[PDB]
Structures are given as structure tokens and as C-alpha cells.
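Order of the sequence lines sets the chain letters (A, B, ...), proteins ahead of strands, with each chain counted from 1. Both backbone and side-chain heavy atoms feed into the values below; hydrogens, waters and symmetry mates do not.
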There are 2 protein chains.
Amino acid sequence: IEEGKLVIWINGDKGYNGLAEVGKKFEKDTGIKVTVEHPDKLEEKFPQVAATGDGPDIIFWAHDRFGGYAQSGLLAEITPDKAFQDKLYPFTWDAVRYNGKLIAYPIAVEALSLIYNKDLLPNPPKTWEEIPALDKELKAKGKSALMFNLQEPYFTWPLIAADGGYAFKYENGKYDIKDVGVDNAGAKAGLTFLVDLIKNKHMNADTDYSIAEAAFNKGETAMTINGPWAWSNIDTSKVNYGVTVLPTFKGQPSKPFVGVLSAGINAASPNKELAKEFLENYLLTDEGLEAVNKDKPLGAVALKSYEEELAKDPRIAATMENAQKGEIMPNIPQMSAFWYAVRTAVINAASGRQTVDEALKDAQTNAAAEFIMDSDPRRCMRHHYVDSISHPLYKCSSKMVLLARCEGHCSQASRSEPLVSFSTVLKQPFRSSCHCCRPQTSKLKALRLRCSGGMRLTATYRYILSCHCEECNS
Amino acid sequence: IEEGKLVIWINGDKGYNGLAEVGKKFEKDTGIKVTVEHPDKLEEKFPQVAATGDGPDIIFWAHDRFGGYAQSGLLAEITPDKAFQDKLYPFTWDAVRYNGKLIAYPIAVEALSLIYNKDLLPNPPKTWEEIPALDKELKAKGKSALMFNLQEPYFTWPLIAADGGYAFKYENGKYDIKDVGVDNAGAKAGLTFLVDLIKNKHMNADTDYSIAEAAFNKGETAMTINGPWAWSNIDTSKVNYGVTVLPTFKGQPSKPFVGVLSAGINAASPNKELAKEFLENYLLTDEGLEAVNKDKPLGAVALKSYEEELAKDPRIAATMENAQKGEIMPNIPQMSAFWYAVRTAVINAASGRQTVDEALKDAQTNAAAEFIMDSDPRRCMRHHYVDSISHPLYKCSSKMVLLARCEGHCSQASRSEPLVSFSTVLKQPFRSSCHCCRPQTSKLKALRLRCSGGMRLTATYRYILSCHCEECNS
Ligand SMILES: OC[C@H]1O[C@H](O[C@H]2[C@H](O)[C@@H](O)[C@@H](O)O[C@@H]2CO)[C@H](O)[C@@H](O)[C@@H]1O
Ligand SMILES: OC[C@H]1O[C@H](O[C@H]2[C@H](O)[C@@H](O)[C@@H](O)O[C@@H]2CO)[C@H](O)[C@@H](O)[C@@H]1O
């Protein structure tokens, strides 16, 4: 990571250009260059580079992943003062509190809603059951009822939860990670009903995010399911759309998982004070959030003063209504195993590869399984960096070269104890043990430098291949 | 601390002899000697020796202190499996959960009750107000209404809370340590009313724990206030006593602070596996708790199977009733500042040294103040130990001598990086930094050993005066 700059990662479906305009204001006032990138598989890529002490200074994702990140030590603790705390809704801070500490800044509260084409469906269905009969008549006109992203369980979860599916049972303000509601009767009814939509050719097993967005925005489908970030494309879309409450299933409301979009600071960032100023003084203001909201809407934001202005919009109202019927995601580390499990279950049952309940029988135990964790970045390890090698005195061409270094905190305590002697001899007076993070293996390297004009010098240096914790006086 | 033994600290008002009989069973089965001690100022002494990596393997205290202990790193995390977890009431585990982890074993739930002499008061007063008028008539007969320990705010708290005093405001399952209810109208009414009892010679400012126990157990006072641990002396007391609900004040019930007596394991203990077996397999069984309960009763215990048997006792019922009207103490670190503040306030207002509200004005800000914390035992520091110095070869008298050693974890990361050379010369190929916990100052020592029978040898060794974290290759 580079000192004197901010690299920020946020999902490609969110308003990164808006966020980059906030970045520009910050550059103007401080000189600090903000870079906003949006890799794919972001929620997976961050722990992978951050475990190596690399990655962005700031990471944005819904709060359900952040418990996991914090456990492995990827996230700094954040230090908003009380005055800043009060500018945001307390329940949004709760979503980012983990083992008693705030591990990210909440930005916006997200929930799925039903997005409907008012010209094909003046009156959108209040229940899921009436969808087959409504797809019936739309297809008679060259359209379809409903498309949504079938590849991410986030979009199907609301339906599975409806009849009593749940992730980990929540009671007494705590989740029991051995009490998983993924193959109960309710989850079965929910998932089977989706599988029926597909078998009865009302939906298409392969339908993904862009396919659903295309279909709805070209007005070939009457409904889709999505979050506030999609709205932006539908205005400029030739579509006259509404945003409403999700339909009910077996008489019960759809229970979307609610996510608080959040910004965490990489524990490895040499730019924490910058990230703090950026987030508190630039992003989380009326104008910062407006800039992002202009690009891709955030939904019900977490800053009160700005949510007060946005609240007079039916679309936000609907987002909230849907939020209220749904439940906030836990942020506990076990969530990454739950999501993996449900993603397999749904894709498998949708594509015919397993029966429902033959898929959710497996997701049931898969969701409570122990998982491999992100290694902790404080451990002794090897770092790659690029440096230009120069002569200390003579004027020469300098080369840019990849080098490696060792850094970390050896876990063993260091100790020192007296030795006794009678030997009038010299001696070390102390027996000690101290572990240092050091090269275990390395190889010799040589580089020709060109000097003006006498003469060609050869610089040697060792290239470190591996590090380990070894005794100091070895 | 000694490997292969267990030293346990518990308060002198609790059943330590009973606990020592549990200790004997453990010795019999394992060979491990259990020692139970009961220092005074225990809740203060533990952090003081434990910050130096010393102290007992196991510490017993109500759970309100344990948050504080855990923050400074004095307590190991405990690892009961689910099967063990279910043997105890979930709300008792909640009292020992801190920042998401279990930091002690819950033993018993404690609450103050009104203990009354059935022969002087067949009908105990349901309210505090009717106490002056009842002391009136008892003193006419050479007795007094009520004595209790006025030196510990635990005993007066129930009265101060009654009309709306509170420690830190509790909402959303979290305490705001800037919202303290110590000089509100309710706390003022509560404390003033106690001060009136004293001014009107119904109680005595200096009355302490043993003074109250003496008076009640010699039948000179009709009532006292106390917890289950006192009951034991009152049976064998010539007193025919009852245990009932605390009286109401300004129409509201008395709100005792509820404490879950708990056993934590010293982070510095080389005997954690032993402490675990002791507590889980010996203390926390029907028979372990019975042994303690026989000595000094525990109250409503935390093990379900044993609380089921005890529940048919009016005294336990009353303890619980009083528990229900009261509130469980927070376990947050700020509690030690709250207690200090209220102890000053009460002693001062009772002895006339300040006005009420001139005392609680000060406790108000004192209770939310930052406090000095227990230093963390993992830091580089000096340890004292005793060792016998011998000759390695020749048979000699061995002396027992006090020695010092350095031990700890230096916080700075260790690193290692390549150097570049052109000098065809030797060199260290790496620039590195590594901190080790080492003697900063020391002094030379010499000791005469007597050998059989040739000849007198002198052993020298350095006595370490201080340790610090220094660079490895210095
Ligand atoms: O599909 C499982 C997935 O659900 C959520 O991801 C959402 C995210 O919260 C939204 O901000 C938006 O980007 O869409 C995503 C759905 O593809 C969870 O946050 C995530 O952890 C989980 O894997
Ligand atoms: O007086 C303040 C004091 O109250 C509590 O101490 C109780 C303890 O909980 C009981 O087990 C029994 O030993 O009596 C003590 C009262 O003297 C808190 O536990 C303690 O932290 C606090 O200082």
C-alpha cells in the first residue's frame, strides 16, 4: 500500500464514479489522490490480498462480511467521536459493531424490492402465488412476468425465508451457529416454489444479474427484484417503473436479508488518518452522499440529515417497508459459510442437478461447518516491493528491481535469565530466547549499473525466498 | 505461579472451607494440591498481582469486576463445550460474556434480601417509610429496627436505585458510559432518606459488615440486609429468622444490583487445564456445589440440576424475587469507577462530611471518568523467582537465592531487508530490526558454596534490576 494516497474498493453495481467525485474534492483540499476500483469477486479478493498486508486502504461491502474480516484481523478499529456517532442511525452502527468494537462506517441500508413496469403491470401482484397465472398472460403478449438474478442467493433468500427459513437462529441478541434453518419445511416450500417456476417455464435457471437487468430495462419483463442501486438505469430506461413491497408467500411476507453498505479500513493501511478524514468529513456528509447517490442511488442512507431529505420518495419508503419485514444480516464469521452453502443449494436445485431438499440437506450441514480462515497479517511473512538500486556515491543509472523483505510479529515471548559461573572466565552472563522474523531461504542476485562515465559497477543483493521466526543469537 | 498445583482466591464472606473440601476430592483423584485463600481487598489485589504475571490460578468474584479484568488481559478465555454450556442457565453465561467471549464460569446468582427476626418482627415492613416509626417502638424495648453495612454501596444501592437511580443507562443491549444516574432526583431521594435515618438516630453512620451481623445475630436488631452467604450464621444463631422481599421506597421496589459469583482463570496460570477440570468436573456438579453450599450458602446456583433441588426454599425464592426487581450488574470496565464514586458519595453523605447531592454531584462525574488501567501482563517485564544454585559437577551445598528474569512480548514488528553492495567485501547481507525483552540494568552477585570436601567455590551471577525491549543485534 502506498503512503500518501487512498485506494478504495467498492462493488461494480454501486456508484463508483460518484465516489470518485468525492475523491476529487478530497484531492483538491488535501493533495491526496483517491483511486476507486471495482474488482470482481470483491468480497473474496479483499481477504486474499489483505491477509498478505496488501489491498485497498478502504473496502466497501455490505456489513455481513465484516465480522469475518475482523476476526482475521483485516480491519482497523474506527474511532468516531460521539458527535460523529450521533449523525448516524444507531441501528446502522449496530450492524458494524463486532465483539464490542466498531469495525466499519455504515453508509446505507439496502433491501430488495419488487421493481415493476407500470405499463405492463398497472397493478402488481401482492402474492407470489399469482405469478404463474400472470406469466401465463404476459407470454401471450410476447413478455414474461418476472426475471431476477437466480445465481446469487441474496435474491432468492427473501422467498426461502418467507415460510420460516432462517440463517442462524437469533435469540437473546445472539446467534447459535448450530441452529440453521435451511432445510426446514419453510425453506423447502420456498425453494421448491422457485424450482416450479422454472420447471413450468415461467423462469429460466441460467438467468443472472445482467440478463434480468437487460430484460426488465428493455421492457420484455413486467417485474424484477433488485436493490436501490439498479434504479438509476431504469429512469433513463424507456421504462415507466414502480418500486413496491415484495410479494407474500404462503400468506407471509418475503423476508429479504437487509445489508448495511459499509466502509472498513484495511489494518495494513499506512493511510488510516486519511481514510478517517475521507469517510467522516467527505463521504458521510449531505454532499458526499449526494455525489454517490447521483451516480447510483444508495437507498436509505445512514446519515440522518440526508435520509431526512430522501425520505419523501416512494422508492425509499418501499425499501424500508421491505427492510422492516426482512431481517438484518448477522455479521458473524460463519456467514461466509452460510452464503457458500445456500449458493450451491440454489444453483443445484434450479439447474436440476439435485432435488430441492437434497440440495438443502447438504446446505444445512455445510452452513454450520467450520471453514478455513484468512491467515492473520500480523504473522511473520514475506513482502514484495519494488525499489530502485543506486550507487551511494557515483552517479549511475538506477534500475527498478523487485525485492522481498520479512516482516511480522513472532508469537513466542522473548526472555532473558542469568547464568551462574565459577569459571573465572568470560561468558555471556544471560541465557536468552528471542524470535525474529528473518529470511529462511534466499538467493544471490547481481545487477549491472551504467555510470557516467567510470565505470560499470556490479551491485549484489540477496532476494528473499521465504521468512520464518528464528532465534536472535543464532 | 506453580505448575502442578491450584491456588484459588475467593472472598472471605463465602464458603471457602466448603470449596477446600472440593479441592480435597480433586487432590485425591489427581494428586494436585488445591489451596484456597481469602485475602482482603481481593477485587483490588488480583489485578495488582496478575498485572505482574502473579496471583492465583483461579479468582472468584461477582461478574461486575470481570469485564475490567478481561480488558487488561488478566483472564484466559474459557472453553466449555456445548454439553457443559447447557447444564447452566443461559442468563448466567450472559453475565460472563465479554466482547463476545466467555471469560469466567458462573456459579451462583446473588441478591440482597431483607433478613428479619421473626420474634421481634412477626410482620416485617413492606415499605421503607414505615421504618422510623418501627425503630421508634423497638428502641423502647432496647432494640433497633434495622442495621446493615453502610460502608459498601452495594448495600445502599438498592435504595438509591428505587426512585430512579441507575449506574449507566442501558438501552439496545448496551450501556452508555456517559449516561450516569447517580445525581438524578431519584438517587437524591434515595440517599437523602438514608441520611435522615442516620440524622434521626435510627441508624449509625459507622455501621459496617461485622457490626450489622453481630447486632442481628445477637438479636438486638429486628432486621438486616444481606445475601445468601450470611444465612448460615443465622441458623446456628439463636435467631428465628425470615428472608423476604426488600421494602419499597416512594412506592417503588428496591432495586438491588444482581451479581453472578464467578470463577475466572488467570491468564498467567500454567495450570489452565487443571483449573478447567476443577471447575467443570468438580465444583460445578451437584456435589461440588453442595460442599460449598454446606459451608456458606450460594443462593440461586447457576447449575440447573442443582438449582432444581434448592428451589423449594422460601429463602431462595426471596433471593430470586429480589433479583427480578433488581437489575444484573454490567460487567463493563467502567464499573470499577462507578463503584469507587458511589462508595465515596455514600460514606461522605452518611458521616456528614458532605451534603447529599454535593456528594452525588461529584460521584456523577467521577463515575464517568477515565480511570487508570491494569498494565497488560504480556508486556516486557521483570519476574522474581527463587532458584537453588548448584555446581554442575562437584557435590556442594546448594543455596536458595532470589533471582530475576526478563519476559514479555515486545510490540514492534521484527523485519529484515536486503542490503546492496558493490564492495566485493564481506558484509551482513540484511538490515534488520528485532526487539527482545532484555536486561536494561543489572548487578553482579557472588555466593560461597561449601563442597565436600574440596574446595569452597564462588559462583557469580547477575541480578537483573530492570528489563526493556532492545534491538537484537546491538
Ligand atoms: O448472494 C449472496 C451475497 O449476498 C449479499 O451480497 C449483495 C450485497 O449485499 C449488495 O450490496 C449487492 O452488491 O448485491 C450482492 C448480491 O450479489 C451479501 O452481502 C454477500 O456477502 C453474499 O455473498
Ligand atoms: O460495595 C461495592 C461492591 O459491590 C459488589 O460486591 C459485593 C459482592 O458482589 C458480593 O459477592 C459480596 O461479597 O459482597 C460485596 C459487597 O461488599 C461488587 O461485586 C463489587 O465489585 C463492588 O465493589
Side-chain angles (χ1 to χ4, degrees), chain A residues 82 90-91 94 97-101 171-174 178 378 380 383 389-392 394 403-422 424 429-430 432-439 442 444-445 447 449 457-464 467 469 472-473, chain B residues 82 90-91 94 97-101 171-174 178 378 380 383 389-392 394 403-422 424 429-430 432-439 442 444-445 447 449 457-464 467 469 472-473:
Chain A
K82 231 291 231 216
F91 77 93
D94 297 336
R97 202 166 293 99
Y98 177 68
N99 281 179
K101 340 159 91 105
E171 279 150 344
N172 306 170
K174 45 210 184 64
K178 310 306 181 227
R378 287 182 111 251
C380 176
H383 294 267
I389 282 145
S390 288
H391 194 275
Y394 304 117
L403 300 168
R405 67 185 205 269
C406 291
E407 214 180 72
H409 299 254
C410 294
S411 70
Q412 310 90 328
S414 53
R415 55 182 55 73
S416 186
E417 221 169 279
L419 289 164
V420 181
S421 61
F422 319 72
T424 43
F430 301 122
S432 52
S433 158
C434 182
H435 283 76
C436 303
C437 181
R438 282 197 180 145
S442 74
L444 191 65
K445 235 109 137 65
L447 182 71
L449 296 186
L457 305 170
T458 57
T460 64
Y461 60 89
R462 295 204 76 82
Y463 180 95
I464 300 172
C467 301
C469 276
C472 165
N473 260 53
Chain B
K82 231 291 231 216
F91 77 93
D94 297 336
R97 202 166 293 99
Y98 177 68
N99 281 179
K101 340 159 91 105
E171 279 150 344
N172 306 170
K174 45 210 184 64
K178 310 306 181 227
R378 287 182 111 251
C380 176
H383 294 267
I389 282 145
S390 288
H391 194 275
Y394 304 117
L403 300 168
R405 67 185 205 269
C406 291
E407 214 180 72
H409 299 254
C410 294
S411 70
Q412 310 90 328
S414 53
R415 55 182 55 73
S416 186
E417 221 169 279
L419 289 164
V420 181
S421 61
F422 319 72
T424 43
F430 301 122
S432 52
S433 158
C434 182
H435 283 76
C436 303
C437 181
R438 282 197 180 145
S442 74
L444 191 65
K445 235 109 137 65
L447 182 71
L449 296 186
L457 305 170
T458 57
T460 64
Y461 60 89
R462 295 204 76 82
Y463 180 95
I464 300 172
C467 301
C469 276
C472 165
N473 260 53

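Interface remark: B:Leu449 contributes side-chain atoms only to the contact with chain A (heavy atom separation under 4.5 Å). Heavy atoms closer than 4.5 Å to chain B are found in the side chain of A:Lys174, but not in its backbone. For B:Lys178, no part lies near chain A; criterion is any non-hydrogen pair under 4.5 Å. Using a 4.5 Å cut-off between heavy atoms, B:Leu419 touches chain A through its backbone atoms (N, CA, C, O) alone. Residue contact with chain B, scored on non-hydrogen atoms closer than 4.5 Å, involves the side chain of A:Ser442 exclusively.
Between B:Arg462 atom CZ and A:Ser421 atom OG the span is 10.5 Å, to the nearest 0.5 Å. Note that CZ of B:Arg415 is 12.0 Å distant from SG of A:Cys436, once rounded to the nearest 0.5 Å. The structure places OG1 of A:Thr458 at 8.5 Å from CZ of B:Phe422, a figure rounded to the nearest 0.5 Å. B:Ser433 contributes atom OG, which lies 9.0 Å from atom CD of A:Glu407 (distance to the nearest 0.5 angstrom).
Sparse packing is recorded around OH of A:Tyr394, with 12 or fewer heavy atoms of other residues, nucleotides or ligands lying under 6.0 Å away.
Chain B forms the most heavy-atom pairs under 4.5 Å with one residue out of A:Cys472, A:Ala459, A:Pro418, A:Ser414, and that residue is A:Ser414. Listed options A:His391, A:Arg405, A:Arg97 were ranked by heavy-atom pairs under 4.5 angstrom with chain B; first place goes to A:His391. Contacts with chain B were tallied for A:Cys406, A:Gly173, A:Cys380, A:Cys467; A:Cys406 has the most, counting heavy-atom pairs under 4.5 Å. Of the listed residues (B:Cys410, B:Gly408, B:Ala404, B:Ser390), the greatest number of heavy-atom pairs within a distance under 4.5 Å of chain A belongs to B:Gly408. Taking B:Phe430, B:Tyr461, B:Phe91 one by one and counting their heavy-atom pairs under 4.5 Å with chain A, the maximum is reached by B:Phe430. Top candidate by heavy-atom pairs under 4.5 Å with chain B, chosen from A:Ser432, A:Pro392, A:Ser411, is A:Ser411. Comparing A:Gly100, A:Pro90, A:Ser416 by how many heavy-atom pairs each has under 4.5 Å with chain B, the most go to A:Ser416.
Disulfide status for A:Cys437 with B:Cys434: absent, SG atoms not under 2.5 Å apart.
Under the rule for a side chain to side chain contact (heavy atoms under 4.5 Å, CB included), the partners of A:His409 that lie at least two apart in sequence or sit in another chain are A:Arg378, B:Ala413.
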